[PDB]
């Protein structure tokens, strides 16, 4: 049976990364802030918080708003996720040295949680006011959830496939998983992959906080996101978008690209348990970790680091603890970046994949914020207090999205 280790799969490496987060618009500045213990979660200063008197008053808006880089033309012909996709796609290409690859071997896989949904209401209102002819001829290409990926493929010239997987919190990781599949199966040699997601606003907060899924610790914004802590009470929103450039090792060496890490394998399973809650069991989530090891050619003992899903919901963190143990990776050093960066749904899997690559490159894991009283039935090696420097050789990033979608990406240090 083929794997990355035995040569059945071509070696795929990560050569460029880009992200915009609640800490910084530059991924390297975000990484530095994460190591200094910074948090992007603050008190929400928007008027919709006091307009509706929401139970959740905290969150992390993007440090540098997307639309501050958007002129009038872009503001009326693209949805938000498309504008974020265009800005990130442009920054990623420049960071990669603006290489000139074969368009017929160039794929794009960008996940998202919803799509250009705000343009649905705009066309809804424009039609109620002026009739059917007041709807823009660009409404279709702005509304369609594949729009962000289509914009990036069109901007970069990717003709080996433009794909948009949708699986809530795992969209961004699943996009990287399919991009890896697209390369190891021979359909592409280079791929841009990641996830984009819209901003924080009233209705998203209302919908998620009625599931009792969000933290209500509005008095201390940066202490609210407490993954694996006893005092956790749900997740906190943190806006993000992230893309990475993956390609075969042959393709990277032929253009003089210094790879940051190795993309080894990817496992996609499902719970078939509940529409929003994860299986407390954790077998299928752990099976996704195991599956990524089989395709990578590794064993659970090789896994030094787990970038956990860690939303800080009571049920989710417990389910992941069982998942990590089921996969046999309970001895690894665990990091929950949502402690500092919050949850960005369709983008967070991509963002945490970048953080996983950065952890392998620099041999350091940022501290899990607010990890003060470890929950007794969650016995994990949670990095806390200060960054832990270590010989991290192989790492697994976890994404367990609403709907029961489990994605596990296996990364190795180059």
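Residue numbers count along the first chain shown, from 1.
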#### Entry: Mean C-alpha temperature factor, higher of 120-128 and 179-187
120-128
### Task
Going by the average Cα B-factor in the PDB entry, point out whether 390-398 or 18-26 comes out higher.
390-398
## Note on the structure
The largest CA temperature factor among 98, 311, 146, 171 is found at 98
### Query
From 86, 223, 159, 274, pick the one with the largest CA B-factor in the entry?
223
### Query
Taking the C-alpha B-factors as the PDB entry records them, is residue 364 in the lowest, middle or highest third of its chain?
middle
### Task
Please place residue 299 in the lowest, middle or highest third of its chain by C-alpha B factor as given in the entry.
highest
### Task
Select lowest, middle or highest to describe the third in which the CA B-factor of residue 61 falls within its chain in this entry.
lowest
### Summary
Sorting the chain's modelled residues by C-alpha B-factor and splitting them into thirds places residue 352 in the lowest
## Note on the structure
For residue 256, the third of its chain by CA B-factor is the highest
